[PDB]
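Single chain ahead, written as structure tokens, the form deposited in one PDB entry.
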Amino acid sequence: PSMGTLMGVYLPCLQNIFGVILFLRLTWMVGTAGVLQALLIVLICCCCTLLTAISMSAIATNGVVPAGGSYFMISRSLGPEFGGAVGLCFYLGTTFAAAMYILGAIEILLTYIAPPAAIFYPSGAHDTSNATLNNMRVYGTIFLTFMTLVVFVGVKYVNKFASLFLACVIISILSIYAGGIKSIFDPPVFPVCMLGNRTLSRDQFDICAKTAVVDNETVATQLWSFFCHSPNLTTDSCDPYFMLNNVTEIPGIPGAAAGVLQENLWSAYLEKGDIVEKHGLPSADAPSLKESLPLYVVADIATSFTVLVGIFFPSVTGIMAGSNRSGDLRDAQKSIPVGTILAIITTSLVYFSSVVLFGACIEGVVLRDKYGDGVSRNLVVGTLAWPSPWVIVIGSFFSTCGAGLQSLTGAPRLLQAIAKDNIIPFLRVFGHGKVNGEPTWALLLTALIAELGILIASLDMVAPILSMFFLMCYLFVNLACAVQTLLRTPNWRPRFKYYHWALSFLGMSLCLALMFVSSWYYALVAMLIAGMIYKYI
């Protein structure tokens, strides 16, 4: 066995922690919560995983570290009762992470790469959401049935091209920082058209002006016709908000400055149906017609602190996939505690610096545009990139398509290993495999469980379920590291310097509080199920 700390523990952790939400939902989170509460979300979500890594270091520095996987380490160091729960919650987390990584790639393909490749269209006037959901479901079934046949046939080709999907992530992050440094000197040009406080969708109309001049004559623009329903300049059929207020362009990226970071510093939560608005603009109060409501950037979902925590939390998960090479290492009780902790530190520094960067460079109206309606249907992340916005689009699409394949290769192996362990004979038929050892019936069950997450068809609806499963897994790891100390069991003597039972209790309580924060209802259901299984045994 010869695998270092770098290519054995650190690089798979750093490949599994970075993902879809850094490129799709982090600018929206900064713009919705403010820089201060966004740093609070990043700090709270990166203390569950740091204390969980301190507990996994106490797992790794005990005994012999049996070869293969993180399931076998926990199962041989903590008994079959805790290990089965950890393995089952981590299997369910990986199978729904595959669904979230597929839905991210479909969102990138349908809203940024190929917009006219849409089957279902928003008929009528309103409900542009049901066509979006039915459009996500069809491409979800197609990409899931393709990427399960790829895993069924081409495991060696997925394992051979596993570092290319990490190179894509690193290039598409260095482009963000290279453009964010350029914006100090030479910011790019993305004009945002507004009307009073309200920002409007630039994709529909042509020119951001109330009147224009053609043939030495003042003619009402296309923007006049959407609000007043006549090409005549002296009608009284206009809404009184459009009449009293003036139409103004602003720079969507004003560059890195202190006055920009000062305005993006506080929370601006909106309910579903509200319009994204500035604060430092004059606006005359007047009622507005209901028929001009599609001519604005509108909050898609209702937001709060507890909504944003549950959407952010699957950015930080990925500790447990740095112990999968625990048989190939030279010194497995040295490479795992150093590697997982340094990977969590570097990824959390990237998240803090990116929160401060997006808060100081991009203006909060562009930040609060989920799907980028204020700027010509572009990525808000992509507008800040240095060479072109297409770098982040292509790199994020290939990174999500790679992270879905790696989850669809990682979860059937885990169900294979749990079934072959005879720990629950109810799953005995899922230990059947090929002559290679590759699973056959576990891959089908992962494709069926990840289909139930695709049929939810939203990134923001699937992500709290992922938070709910990974927080249960990380809670059982901290339970199993505190109980074995407090019960004074034999064969539990961790040789790790920075381990103490109070840190595992603190991690258990923190990953229990985040369970109530992300979604209180299903946490209250899982608490009943867990309190019932305890009354059994």
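For clarity, a rigid core is taken as the largest C-alpha set superposing within 1.5 Å between two forms. The first residue of the sequence shown is number 1, and the count goes up from there.
Unshown form deposited in another entry; subsequent notes refer to it.
Only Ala403, out of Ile176, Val192, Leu195, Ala403, shows a C-alpha shift of 2 Å or more between the shown form and the other one on alignment of the rigid core. Superposition on the rigid core between the shown form and the other one places the CA atom of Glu271 less than 2 Å from its counterpart. With the core held fixed between the shown form and the other one, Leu357 has its Cα displaced by under 2 Å. Remark: with the core as the superposition reference, the CA shift of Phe430 between the shown form and the other one reaches 2 Å or more. Compared with the form shown here, the Cα atoms of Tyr10 and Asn159 move at least 3 Å closer together in that other deposited form. Pairwise change in that other deposited form: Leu342 and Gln406 C-alpha atoms lie closer than in the shown form, at least 3 Å.
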